[PDB]
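Just the heavy atoms: all of them, side chains too, but no hydrogens, waters or symmetry mates, feed the values below. Lettering follows sequence order; numbering is per chain, from 1.
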2 protein chains.
Amino acid sequence: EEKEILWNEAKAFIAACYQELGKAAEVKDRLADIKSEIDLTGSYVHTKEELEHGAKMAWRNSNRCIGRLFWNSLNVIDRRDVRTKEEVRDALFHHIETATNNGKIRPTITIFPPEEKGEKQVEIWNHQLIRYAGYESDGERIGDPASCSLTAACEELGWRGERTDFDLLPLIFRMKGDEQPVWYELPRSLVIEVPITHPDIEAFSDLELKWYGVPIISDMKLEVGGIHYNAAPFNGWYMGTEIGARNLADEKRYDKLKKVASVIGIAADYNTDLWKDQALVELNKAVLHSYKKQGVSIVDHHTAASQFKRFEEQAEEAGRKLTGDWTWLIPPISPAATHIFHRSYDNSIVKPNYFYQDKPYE
Amino acid sequence: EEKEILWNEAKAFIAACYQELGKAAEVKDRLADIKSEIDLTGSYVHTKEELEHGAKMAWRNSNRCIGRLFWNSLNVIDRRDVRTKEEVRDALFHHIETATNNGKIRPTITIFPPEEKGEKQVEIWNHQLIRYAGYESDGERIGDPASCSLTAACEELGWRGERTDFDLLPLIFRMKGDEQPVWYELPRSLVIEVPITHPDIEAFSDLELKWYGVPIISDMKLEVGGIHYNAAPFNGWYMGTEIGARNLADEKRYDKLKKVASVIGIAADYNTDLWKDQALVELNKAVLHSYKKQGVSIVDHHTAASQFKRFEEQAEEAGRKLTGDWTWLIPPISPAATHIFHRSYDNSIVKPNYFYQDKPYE
Ligand code: HEM
Ligand code: HEM
Ligand SMILES: Cc1cc(N)nc(COC[C@H](CN)OCc2cc(C)cc(N)n2)c1
Ligand SMILES: Cc1cc(N)nc(COC[C@H](CN)OCc2cc(C)cc(N)n2)c1
Ligand SMILES: C[C@H](O)[C@H](O)[C@H]1CNc2nc(N)[nH]c(=O)c2N1
Ligand SMILES: C[C@H](O)[C@H](O)[C@H]1CNc2nc(N)[nH]c(=O)c2N1
Ligand SMILES: [Cl-]
Ligand SMILES: [Cl-]
């Protein structure tokens, strides 16, 4: 079964990819080459053109992503050549530096060797390459609760966090043939952070909030033409609501709304005062203001939805079916102010795509 | 087929209804009575207890409704006895008066004779019993755009609106055997309206906004045990977002956000200022403040979601499956501040329930 799945996925991908690239005449010969390679080796190897366009297609097919207008300008870094943990580490450091680009963020993906027999060559433990640690013990909660389990796993490996609310987790990953992952501290010169201030409310800095510049998802699997790239970190720039309406606001995250209410001078006592809603808006204005002031790329949810409308229009014009997950595409503040809220989306899964995979801790 | 559907729905409803009412021992005899009645007459007649509990079950099964905690206290008015248009009119006037209850709104449903051969006895044209007219001609838009088609239909029947932004539509309904519906102007003493003011911003009254106190849906079909009550208007009280985030805010409704921004003293020029979000919050605070000040029932979305959590807990305790439509249950502002956003719901249809039906105009 394994090989037949691979071959069937390969045929569908190569045909579609080569059609998009105006290489339709080359499909026949390429598939023959591929089928012999599968027969002889159990797998096949993407050309650089296939890998690049495959990763772009995977972004285009990501139902939960509002940012897809820009799918075709993804910067694809081919690191299928790495073999050592030093090479992986340096590749991850490089992704951070080149994606950050001094604040003018470049959407980028770095692609490591794919699974072989379902056997991973490189197993990345981080959820994002840059993320804050979380701690909970004896009533005391510090940092990002979402990171508690990974943080505890890191501390099992000899790492120790300073226990501020914003400790940077080290990179942590395992190589094929190694029993334990290795970890490496992030050089702070590589990591841009943004302090959160408000355009009109001076007291907002009293909250001492900050967030990191670049979200780099590192625990999803890129699947292209039946090949499983379990290690392929990718990043865009933030939409402000991700930080202001979720990371800093969720009760199970940094839970800052009551503190926000206090510094903006409103009571947090009555549901009918809509103090949570007002606090959310001011916190979200502050996040956008702060990123802009520092010269770090960010998009607000109105502009993002307008871009996504253009993506829908572009799909129709190209004669491609549009797929999407309405429940993720609507922004978590003022969703009915966006066109997304007022239409529906087909949530079918189309490949190439990015997929969740089981965590190696937990 | 028709009769078999009826009988099958009847069996399921009577069994479930009588179990809930502790009348399980009476099911057998009641079903026999019902089957003979179907055989002899083509249909059957609900007891008052069945009709009342049926309407309550229908509310409990309404997937899109956040207000279901209170399903068991629905006030059910049995008007299966009406035969004349004067009786229907007076029944609708009475529903308005008793549901309004001087502002302390009583959730109420008035149930008219059901369809016979799929032949309606009473056909209500209004979407809600109280709603504003809408006009559009030669570039000029007045009132509620959602009402344009019904307004035009009314004006075909000899009615004429004053063309303010808040003209009350007349009641309009058709009797079996009549070719045209009749219409009746609403007595203004029956209709409570609330002027929108803001707790801290005096200029907000310059917008001259108002809304009606009681939302009374009058175009849905109540289905109970295979019987089709196409005419059965029902009401609760408003959740504030329905008015502040949708009726007054949608671009295809009253479209007031730019005007709100101006009176609250903020620029409406840059998406990154989140002026739409800020305007939405202030407009929504104003709606809640105004209803409360006037002594007209209303609920905010935080309190409503908390009540809905209790409804979920109550269902589990009673051993009933919970059904819901996530896309309608989340409020249109700060949805991620509610527990609803963070879980999923089975959107299966369970009967008794309320259903859409084709409009007789359009
Ligand atoms: C260029 C800027 C980008 C923006 C503004 C953007 C925006 C977003 C947002 C707001 C989400 C929702 C995430 C959440 O609530 O947790 C999301 C999800 C996602 N985005 Fe994008 N995105 C961008 C670039 C990218 C890129 C470059 C890729 C891949 C190559 C990507 C793939 C995805 C995927 C797979 C998800 C779903 C993640 C999950 O299921 O947990 N996005 N995006
Ligand atoms: C007691 C106060 C109530 C509150 C606060 C409430 C709240 C709501 C809200 C916010 C919606 C969404 C409507 C929209 O966005 O257009 C809704 C929908 C609905 N509610 Fe309730 N509701 C209440 C009472 C009732 C009652 C008494 C019934 C029936 C007996 C009912 C049946 C429904 C139905 C059928 C819908 C869906 C309407 C549609 O599909 O267009 N509700 N409710
Ligand atoms: C590539 C990218 C760009 C962008 N602006 N945002 C994203 C999404 O960031 C990661 C996103 C959190 N906002 O992850 C979604 C998620 C969250 C959680 C709690 C679990 C999970 N499995 N997946 C990705
Ligand atoms: C009974 C009730 C109580 C309450 N608070 N809200 C409601 C819902 O009010 C009517 C609701 C508009 N908010 O109707 C939903 C709808 C809207 C539109 C534009 C079309 C349609 N078919 N159905 C009903
Ligand atoms: C297309 C989409 O389902 C549509 O905008 C829905 C979304 N959720 C909603 N939720 C409520 N309560 N009311 C609505 O009118 C809508 N509209
Ligand atoms: C249960 C529900 O699907 C869950 O809250 C989803 C809703 N939509 C979302 N949308 C985004 N963008 N991100 C999320 O984490 C979630 N969470
Ligand atoms: Cl994030
Ligand atoms: Cl309404």
Could you name the residues of residues 257-265 of chain A that have a heavy atom within less than 4.5 Å of a heavy atom in chain B? none
Considering only heavy atoms, give the residues of residues 282-293 of chain A separated from chain B by less than 4.5 Å, sorted numerically, with 'none' for an empty result.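 Only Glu282(A), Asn284(A), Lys285(A), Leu288(A) of residues 282-293 of chain A have a heavy atom under 4.5 Å from chain B.
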Roughly how far apart are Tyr270(A) OH and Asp300(B) CG, rounded to 0.5 Å? 13.5 Å
Could you give the distance from NE2 (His339(B)) to CD (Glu251(A)), rounded to the nearest 0.5 Å?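 It comes to 12.0 Å.
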Residues, nucleotides or ligands: over 12 heavy atoms within 6.0 Å of [X] [atom1]:
{"X": "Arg310(B)", "atom1": "CZ", "result": "no"}
{"X": "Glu313(B)", "atom1": "CD", "result": "yes"}
{"X": "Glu136(A)", "atom1": "CD", "result": "yes"}
{"X": "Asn102(A)", "atom1": "CG", "result": "no"}

Closest-packed option against chain A by number of heavy-atom pairs under 4.5 Å, given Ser306(B), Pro199(B), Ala336(B), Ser334(B):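 Option with the greatest count: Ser334(B).
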Residue, of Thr327(B), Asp250(B), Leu280(B), that accumulates the most heavy atom pairs under 4.5 Å with chain A: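 Maximum pair count with chain A is reached by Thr327(B).
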Please give me the minimum heavy-atom distance between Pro335(A) and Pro335(B), naming the atom from each residue.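 Minimum heavy-atom contact is CD-CD, 3.9 Å.
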Only pairs of heavy atoms separated by less than 4.5 Å count here; which of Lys252(A), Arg246(A), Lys276(A) has the most with chain B?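 Most pairs with chain B among the choices: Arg246(A).
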Have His301(B) and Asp277(A) got a donor and an acceptor in their side chains that come within less than 3.5 Å? yes
Region of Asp273(A) in contact with chain B, defined by heavy-atom distances below 4.5 Å: backbone
Applying a strict 4.5 Å limit to non-hydrogen atoms, the region of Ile330(A) in contact with chain B is side chain
